[PDB]
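# Residue-level structure breakdown
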Amino acid sequence: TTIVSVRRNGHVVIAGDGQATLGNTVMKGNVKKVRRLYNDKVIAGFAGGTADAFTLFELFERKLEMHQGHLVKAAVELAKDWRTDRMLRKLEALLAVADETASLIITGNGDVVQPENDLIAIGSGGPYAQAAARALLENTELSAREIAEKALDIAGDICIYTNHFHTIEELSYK
Amino acid sequence: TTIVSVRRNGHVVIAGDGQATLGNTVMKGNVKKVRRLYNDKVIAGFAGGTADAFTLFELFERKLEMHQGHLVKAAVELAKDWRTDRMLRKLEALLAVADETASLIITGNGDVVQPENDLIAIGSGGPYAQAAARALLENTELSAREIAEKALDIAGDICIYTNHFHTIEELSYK
Amino acid sequence: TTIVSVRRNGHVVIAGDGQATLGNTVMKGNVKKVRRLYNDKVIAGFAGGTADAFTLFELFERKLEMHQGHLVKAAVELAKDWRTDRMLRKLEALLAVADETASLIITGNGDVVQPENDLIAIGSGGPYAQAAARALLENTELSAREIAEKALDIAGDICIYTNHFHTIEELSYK
Amino acid sequence: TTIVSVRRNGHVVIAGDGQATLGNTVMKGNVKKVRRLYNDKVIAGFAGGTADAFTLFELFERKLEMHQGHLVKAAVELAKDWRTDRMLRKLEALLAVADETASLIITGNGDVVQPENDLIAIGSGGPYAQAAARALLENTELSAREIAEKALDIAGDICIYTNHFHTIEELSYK
Amino acid sequence: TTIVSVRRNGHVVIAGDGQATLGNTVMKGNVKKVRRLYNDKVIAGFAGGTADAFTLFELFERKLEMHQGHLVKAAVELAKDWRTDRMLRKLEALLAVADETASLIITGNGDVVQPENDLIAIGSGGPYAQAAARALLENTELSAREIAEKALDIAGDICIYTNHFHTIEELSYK
Amino acid sequence: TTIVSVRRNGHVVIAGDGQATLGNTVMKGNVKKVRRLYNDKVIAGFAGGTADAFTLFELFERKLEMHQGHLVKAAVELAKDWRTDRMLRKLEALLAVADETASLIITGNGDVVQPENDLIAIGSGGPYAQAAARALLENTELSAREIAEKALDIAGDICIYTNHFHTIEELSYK
Amino acid sequence: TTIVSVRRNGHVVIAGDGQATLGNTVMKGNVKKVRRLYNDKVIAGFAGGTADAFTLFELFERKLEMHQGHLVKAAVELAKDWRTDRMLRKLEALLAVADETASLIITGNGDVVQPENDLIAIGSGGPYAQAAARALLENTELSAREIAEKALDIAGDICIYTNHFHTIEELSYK
Amino acid sequence: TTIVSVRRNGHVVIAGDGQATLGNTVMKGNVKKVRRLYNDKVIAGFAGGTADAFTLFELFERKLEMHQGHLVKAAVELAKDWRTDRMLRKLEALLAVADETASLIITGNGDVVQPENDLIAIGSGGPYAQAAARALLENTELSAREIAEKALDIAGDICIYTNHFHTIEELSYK
Amino acid sequence: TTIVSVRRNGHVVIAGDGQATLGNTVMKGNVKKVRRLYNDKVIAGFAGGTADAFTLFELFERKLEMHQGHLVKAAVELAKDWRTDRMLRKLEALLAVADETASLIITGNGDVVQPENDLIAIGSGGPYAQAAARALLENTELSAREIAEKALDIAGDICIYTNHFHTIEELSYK
Amino acid sequence: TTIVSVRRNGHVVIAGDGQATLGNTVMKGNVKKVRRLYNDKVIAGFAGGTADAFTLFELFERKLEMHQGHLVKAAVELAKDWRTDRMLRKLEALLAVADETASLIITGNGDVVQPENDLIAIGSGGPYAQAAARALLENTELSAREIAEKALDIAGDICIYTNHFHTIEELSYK
Amino acid sequence: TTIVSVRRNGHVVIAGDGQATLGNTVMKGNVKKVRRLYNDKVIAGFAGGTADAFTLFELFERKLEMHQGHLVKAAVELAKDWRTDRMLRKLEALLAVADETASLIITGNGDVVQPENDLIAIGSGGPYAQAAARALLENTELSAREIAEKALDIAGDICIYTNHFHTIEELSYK
């Protein structure tokens, strides 16, 4: 799978592919890996259980309501329980989340990571996306969305675990 | 073992083989891997331990009266307990479950997948069935049962762990 | 990779995909895996080194020159050296070969194999192709070419090591 | 795969199944695992690679004329070359060979075994066949062929690597 | 070890050998592996701890008293706790149990399995017994007891972990 | 290590890094991984042992005069000797070689690959370079050298086994 | 370590060696592996950790006053706690225990074994002692102590983990 | 298997069992493991291939023809080639040989070994036989033959790879 | 990662790199691995998970107000909870902590080490930093910061898991 | 072991320790690892067999006799045979060699390597020496000899496989 | 096994034990591990296979006349042939050889070590002997033989693979 988040000219996005793999074969080819949150104010993507999602994203939503839209904090409070709560622990995944404020990754380890330029690329195709994204972001005037897209394709082209079904979620602000 | 589920015009099925393997020998040939649940309004097939399935399915019923029979919603709860709970957490199984609204997989990884056309193929012979089920569903006017059956047999021919004993539960909602 | 060969109504074919994989990434996406031999009378497909090919196919040609078009024999004489000659031994591959006479697989083990219905499906995507080919061949009037094609796609859809680039070599005779 | 050889009243047989397994999938179902050698005066069955068996049986014939058809004496030599020689030493196979004088196994370890009553059962399903073959040969007046066949099927039901396709070469010397 | 249960002409039995092995040597050669239960109305055999037995068989006895001789049910209720009760869980074994009603196996997994013809053959020698039992049961008029016996010998003859000390428990009803 | 080759407008390059890793430590940082061969008409880069590459490139030159500088044809032969020959067969290396006619990989598996646009990226950082190289070559008017260099650096940032020391051999045929 | 127990005419013994091994070196040579329990009416030997044995034996006593000294019955309870209980479950040891009614092994697998003639031989040198103990007990009028001792020494000669330091506890009930 | 050789009162013997094992099942139960050589003057036993035997024993005979009955030397000269001659090397076995002069073991390693008291016990059952042989030899007036026998039985009782079929070769001289 | 701590004349520092590695790729380059604790009177660096460190450091503060800021004494308590407590026990990290009284390591093994001269070097690049830090501290009048920095860079050059991004916290007590 | 070579102010050196290790213990503590060659003009150090040395150093000498003092070339010509000659191949070691011209490493791989600043540090203690050598070389006016020495000590202090016995070979020229 | 060599006042020895271990059992106790070579002017001991040692010592003698009995020079050659030659290269052994000029180890790695005071201790019990041998040679006026013997016994007490059977060859040159 491949999750790519970019941010340029008052525009932030998260894009993902839809391949779920089991062994050496494709189980499903259109898995929605990028949803929306906090009253369609906060976008996100992720790699993992379709249920682990529906549990981590709900909690995260409430964590914001307990920290007035302050993405970071709620994000900080999220990864917190995620490594503390006996049950919540078994949950495995990689949340990529971004609002107008900023964007970041969250690992079961409880880490809240802010990548070099809000550039995010998690998943087995992550680095190929990163490379292509970085390339575009430094040598062209393309848009945050055009980046993730093109970068995602590049990935799905290299990654045997990434396909060409996309699910993009933008966000404008300036 | 191979569990196959096809769905065509108010007709959804679930077919399974009946082999139980121990090491390299066949322990049982007529294992019933498909059954009805929730006042017959729900069909289900399972890969793995019988008693484990009995456990998981029973609880599934429980969750259905809890959510007025809403498959998914009632099913996601099960995708929960299964990984969160101490005991269930131990159970090893793959669930295929369908009703008139949709078909879907349920795994102990808190994952609830609903493949491309409600087409489901799980178990070691899973892909082979999917392969055949796909070809048929797209080049013939054959029905769900006809496909499920024909597909299951193809699986049984390829898969060393799937035999030709069948059990099919159908659901007509037309 | 996935090589599929079919034979129906005085028509035989060999179709292959074009993905070459290294680890978890695609090295090349358009590898020609199906050629032609013996003055464009004999068709073949293969899984392996581009050189192993241009060596095992050249030889095979000469073996036919030593056995008047008689496929099988040159094929037998081929797998013969392929398991004896000190050097030729290190060569690794899976040749699928078919003439108007018949079709068959050759392994470095020296085996000459004629599958059930001149139906061939080698490579990691082999069985998924077989499953879909078999389905079609038994439930529809489609053509040998149409089979291999459709079958190949089905494969590339399931197999993480098989793509959708094709290379088909037909043959007519009646 | 299972190779079985029963011997009763001037009637000696060798029955094998026809499954060839690759990983967990059936590659071929009609593999011929039994054949005649030395002007039909000798019958044989084999576990393993066909081309390897062909090679070994060829040499075995060689040794027979080389010893006036004396099974054992000609068979021990083969046990010799097999372990010693560079190439042959590589061949992976198990041999079951019979004539009117006796039945016997031949392995790459330069071992030439002749079981309790010329009762031979080699291959993954070997024992199960032996079990049934024993029971029959000691509680029924059934014939060699009848036992071999019945035993082989029992094997095919137990052994996940043995199917129900048969090839039986018989020999009458009565 | 080898446990064999058969059922013919209003007669059901369970027979076992007495070898306990530790590594590559015999610890004991006369282990009683087939006892009686529920006021000598229910017979059984088993593979495992001499204590695990004395705990599982006692419980099972009470489970019958809580389900009026209804073998199956008590059996169902048994395998239940066996995979639920924290303590009872560590118990490893394979109970074979049979009454006039029917016969079945119980695994730590909680499964209650009824084999094809009440034919039961658990333990490392299981399949060899099965093969010989099946053979006899289909080609001779021998008795349920004569079967298990002969079948058990066949096993102990093939199985390096099975000897020739028997412990048979019959049961008549018609 | 990363070797990258881009090709644009009569300009073809090959850029490599210069890190040599031993275990988890950097042994050398200025390894020259690219060089010229065949009267400067041919440029090459290599992953692996320097002495091995020197040996292989030497022979490659040999094959070139032996085939009037026809890359491929002279390159396939090398693919030959490499897998066959006793000594060469031992050499561990990956070759990237280009001239004005085409770019192509050369592996010890007697494989001669020529990627989608003569775009080559081998070595542990290979894909990442490919990713960025792809993105650039499709969204900017940058040159081969500009891409190769920029791609190589991206690789050097991602790949823990690739540094930022470069060596670039260019070729202009325009 | 080797614990041996022979029993002849109102004379039952238990002899053990005294080596404690760590890796390939001898840590202690005079380990006391045999001792008296329950007002001297009971002798015992143990393979494994001293403190673990002290723990297990103490509890064993406890169980004896609980069941009026009935060895077996009181011993089976111990075969219980040992595998059911959290703490004990961790203890690693093999118990040899005898009184005037019988001798018997006790393992953490809820197993209580009473070998052929009350002859017990446990520990890495166990078999060798059994072998010798058997020969002597069946071809000489020697006594328990004489056998146990002579057997233990034979063990000490064969077994690299058994030395010649002894500790014997005898019980005369004649 | 188990080979036991003893020597007492101008009598030397070699006794062996007849079990050949493959995995966890018995292939044959009456293998002759003790022969006779040098015009029935020299006795021997062995563990290994029936061919390795009929090659290492034939040679040994000729080595004696080259060293006037002098056992030891031919034995030395034997183990000599057995570790040098390119071919003879692959041979695997354990020859036990004894004449009126002395007795000794020979290993493919080329070693010639004379055990403590001409007492030999090779094979997986070796030590158990040694333990019992030693016991008898030191505490009873039994005969060399009686020893090997009784010892062999003791072995077959402990060793899962040793049965109770014997083959003894005595020798008288005084 | 490399954490280095040098201490010279009322000047104690702690420098860390900023690379976070996943597999063989760099996930983040500016990780802050050093920070202040306990009203800035205490500096600290950490190898491992950020959130884990946040957890451990916070508790460390807790322990300081508990022991009036006595580093060691307050630190030993932490060396406790860390291995005794259920949750903390799971945290994976290496702590480097200094104040004006002393520097010291803290590991989850209930270990509190204070190296030779308060010189600390932990993390995969640890030794290399120690090596350089040692040389400098003993052949130059350079300061703590100067050494820490220069040492860290040397580490960053040798260690494949350490980059050149720094974060230094100094403490002047002179 | 640890070999360190440095070059400063018309002075070059090679210094080594003297520990030879086998498992976890020291075999010898004063191994001479630095010699002299080519009529005491060329210095060298090495890691490996005392014989491999007295063979690779003798040869190297002759290679210089075949290339008028020209270090590099004889060095190239050396690593040449060292990777070709059937025998010489099995030789294992790491020669460090340096003349007034230059210094460099030679590996059985046939590589000739000239490190950054004629700075060499091979052996398990290699990097620690490099780190300390580099530090000194860049922050002090110390001499080549003084460097190698101090560096070597630093190594032996960190490296469990390096001691404090030295063997230095200097060289003056200007 | 332990081989020890002490040297004092024109008296040099070599003492070995006599245990041969197979798995965890003692195969022989009186193995002669020390002997004389070269007209008794040379004494040697060896760890490993007797036949291998015999072979190596034979060649060693060969080299001695070939070098006028110069230990080292004749010994290095042996270190040569040993690693280079096809057959010898297979031999698994460790050599301890002494004469009046010096003592020294000889390994298959073409290594010829001569410990600190001609003190040699090889074999699994090697170090322990070295330890005691060192202590004695530095706090007592005891002789070579006295130390060797006393050291060997200490080894025999510690090392599970060393017994107390000795063989000592001494040499007086005073």
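Residues numbered from 1 in each chain as written, not as in the entry; some residues may be left out. Chains lettered and ligands numbered in written order. Part of a larger assembly, values for the part shown. Heavy atoms only, no water.

The name the PDB entry gives chain A is HEAT SHOCK LOCUS HSLV, with Escherichia coli as the organism. Under the UniProt heading Subunit, the note attached to chain A is "A double ring-shaped homohexamer of HslV is capped on each side by a ring-shaped HslU homohexamer. The assembly of the HslU/HslV complex is dependent on binding of ATP." As stated in UniProt under Subcellular location, the record for chain A gives "Cytoplasm". (UniProt positions renumbered as here; feature names shortened; annotations may be inferred.)

### A few points about the relation of the copies chain I and chain F
For the pair chain I and chain F, the superposition axis carries a translation of 0.1 Å, the fit reaches an RMSD of 0.1 Å, and the rotation angle comes to 180°. Accordingly, the operation relating the two chain copies is best matched by a two-fold axis. For chain I, the minimum C-alpha distance to the rotation axis belongs to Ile160(I) and amounts to 3.0 Å. When the interface residues of chain I are mapped onto chain F, 100% of them again fall at the interface, so both copies present the same face. (Least-squares fit on C-alpha atoms. Contact = heavy atoms within 4.5 Å.)

### Considerations on the interface of chain F and chain A
In this assembly, 16 residues from chain F lie in contact with 16 residues from chain A. Across the chain F to chain A interface the summed buried area is about 1,300 Å²; carbon plus sulfur atoms make up 71%. Counting every contact that joins chain F to chain A gives two salt bridges. Taking the shortest distance from any N to any O, the salt bridge between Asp157(A) and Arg134(F) comes out at 3.4 Å. Applying the counting rule to chain F against chain A returns four residue pairs in polar contact. Among the elements of the structure, helix 3 (126–137) and helix 4 (144–158) of chain F are those that each provide at least two residues to the side of chain F that touches chain A. No other element matches the eight residues that helix 3 of chain F contributes to the side of chain F that touches chain A. Of the residues in the side of chain F that touches chain A, the class split is nine nonpolar, three polar and four charged. (Buried area = accessible area lost by both parts, 1.4 Å probe. Salt bridge = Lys/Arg side-chain N within 4 Å of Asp/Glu carboxyl O. Polar contact = N/O pair within 3.5 Å; in protein donor to acceptor, adjacent residues only side chain to side chain. Helix = DSSP H or I, 4+ residues; strand = E, 2+ residues; numbered from the N terminus. Nonpolar A, V, L, I, M, F, W, Y, C, P; charged D, E, K, R; others polar.)

### Considerations on the UniProt feature "binding site: Na(+)" in chain A
In the numbering adopted here, UniProt assigns the feature "binding site: Na(+)" to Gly156(A), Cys159(A) and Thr162(A). With respect to the helices and strands, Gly156(A) occurs in helix 5 (residues 144–158). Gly156(A) sits in the buried class, given a relative accessible area of 10%. Counting through the fold element by element, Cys159(A) comes out in the segment after helix 5. Using a relative accessible area of 1% as the deciding quantity, one classes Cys159(A) as buried. Ignoring sequence-local partners within four residues, the contact set of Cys159(A) consists of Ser124(A), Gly125(A), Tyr128(A) and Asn24(C). (Buried < 20%, exposed > 50% of the residue type's maximum accessible area, 1.4 Å probe, protein only.)

### Considerations on the pairing of strand 5 (residues 25–28) of chain B
All names here are of chain B. Sheet analysis places strand 4 (residues 20–22) next to strand 5, joined by three bridges and oriented antiparallel. Residue pairing in the sheet places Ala-20 in a bridge with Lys-28 of strand 5. In sequence, strand 4 turns back onto strand 5 through a hairpin of two residues, with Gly-23 there showing a positive phi of about 60°. (Pairing = 2+ DSSP bridges.)

### Some points on the packing of helix 4 (residues 144–158) of chain G against helix 4 (residues 126–139) of chain H
At their nearest, the axes of helix 4 of chain G and helix 4 of chain H sit 11 Å apart, and the two run at 135° to each other. Judged on the interaxial angle alone, helix 4 of chain H and helix 4 of chain G are oblique. Relative to helix 4 of chain H, helix 4 of chain G is oriented so that their crossing is right-handed. Residues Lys150(G), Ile154(G), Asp157(G) and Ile158(G) of helix 4 of chain G form the contact with helix 4 of chain H, whose own contacting residues are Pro127(H), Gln130(H), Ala131(H), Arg134(H), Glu138(H) and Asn139(H). Of the residues in the contact of helix 4 of chain G with helix 4 of chain H, the class split is four nonpolar, two polar and four charged. (Axes fitted to C-alpha atoms, helices over the stretch in contact; angles between N-to-C directions. Parallel < 35°, antiparallel > 145°, perpendicular 65-115°, else oblique. Left-handed = near helix turned anticlockwise from the far one by under 90°.)

### As for the interface of chain I and chain F
Counting from both sides, the interface comprises 11 residues of chain I and, opposite them, 11 residues of chain F. Both sides of the chain I and chain F interface together cover about 910 Å² of buried area, and 62% of this is carbon and sulfur. Taken together, the links from chain I to chain F amount to zero salt bridges. Here chain I and chain F share four residue pairs in polar contact between them.

### Description of the side chain of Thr2(J)
Considering the arrangement of structural elements, one finds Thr2(J) in the segment before strand 1 (3–7). Ignoring sequence-local partners within four residues, the contact set of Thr2(J) consists of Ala15(J), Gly16(J), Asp17(J), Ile122(J), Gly125(J), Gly126(J), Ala129(J), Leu152(J), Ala155(J) and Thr162(J).

### Remarks on the relation of the copies chain F and chain A
When chain F is fitted onto chain A, the two copies agree to an RMSD of 0.5 Å after a turn of 178° and an axial shift of 0.0 Å. A shared interface surface links the copies, since 100% of the contact residues of chain F are contact residues in chain A too.

### Comments concerning the UniProt feature "active site" in chain A
Residue and element names in this part refer to chain A. Under the feature "active site", the UniProt entry names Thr-1. Here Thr-1 shows up in the segment before strand 1 (3–7). Looking at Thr-1, the relative accessible area reads 23%, which means it is partly exposed. For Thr-1, the contacting residues outside a window of four places in its chain are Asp-17, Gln-19, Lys-33, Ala-47, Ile-122, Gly-123, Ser-124, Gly-125, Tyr-161 and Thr-162.

### Considerations on the packing of aromatic side chains
Throughout the structure, instances matching the rule amount to 16 aromatic pairs over all chains. Ring centres 5.9 Å apart and planes at 80° place the aromatic pair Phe46(F) and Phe57(F) in the edge-to-face group. Remark: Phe57(F) occurs in helix 1 (residues 50–65) and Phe46(F) occurs in strand 7 (residues 42–48); sequence separation between them is 11 residues. On the basis of relative accessibility, which here comes to 2%, the residue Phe46(F) falls in the buried class. Here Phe57(F) falls in the buried class, since its relative accessible area comes to 1%. Sitting over the ring of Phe54(A), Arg35(A) keeps its end group 4.7 Å from the ring centre. The ring of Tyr38(K) has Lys41(K) sitting right over it, with the charged end atom 4.2 Å from the ring centre. (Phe/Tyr/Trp six-rings, centres within 6.5 Å; stacked < 30°, edge-to-face > 60°. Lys NZ or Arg CZ within 6 Å of the ring centre and 35° of its normal.)

### Considering the nonpolar core
Counting 49 residues, the largest nonpolar core has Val4(A), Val6(A), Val6(F) and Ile147(F) as the members making the most contacts within it. Looking at this core, the elements with two or more residues in it are strand 1, strand 2 (12–16), helix 4 (126–139) and helix 5 of chain A together with strand 3 (11–16), helix 3 and helix 4 of chain F. The contact partners of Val6(F), leaving out residues within four places of it in the chain, are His11(F), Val12(F), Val13(F), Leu119(F), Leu137(F), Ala144(F), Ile147(F) and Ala148(F). (Core = buried A, V, L, I, M, F, W, Y, C linked by side-chain atoms within 4.5 Å.)

### Description of the sheet that holds strand 6 (residues 42–48) of chain J
Residues and elements named next belong to chain J. Read across the sheet, five strands follow the order 5-6-7-8-9 without closing on themselves; strand pairing throughout is antiparallel. At either end of the open sheet lies a strand with only one pairing partner, and these are strand 5 (34–37) and strand 9 (112–113). Where strand 5 and strand 6 come together, four bridges link them in antiparallel fashion. Each residue of the ladder has a partner; that of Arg-36, found in strand 6, is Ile-43. Strands strand 5, strand 6, strand 7 (93–98) and strand 8 (103–107) of the sheet are contacted by helix 1 (residues 50–65), whose axis makes an angle of about 150° with strand 6.

### Some thoughts on the sheet that holds strand 10 (residues 120–122) of chain A
All names here are of chain A. Strands sit in the order 2-1-10 across an open sheet of three strands; the sheet is antiparallel. Each of the sheet's edge strands pairs with one partner strand only, and the pair in question is strand 2 and strand 10. Direction aside, the axes of adjacent strands within the sheet are offset by 10° on average. Of the strand pairs in this sheet, strand 1 and strand 2 are connected by five bridges, and their pairing is antiparallel. Looking across to strand 2, one finds that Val-6 is bridged to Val-13.

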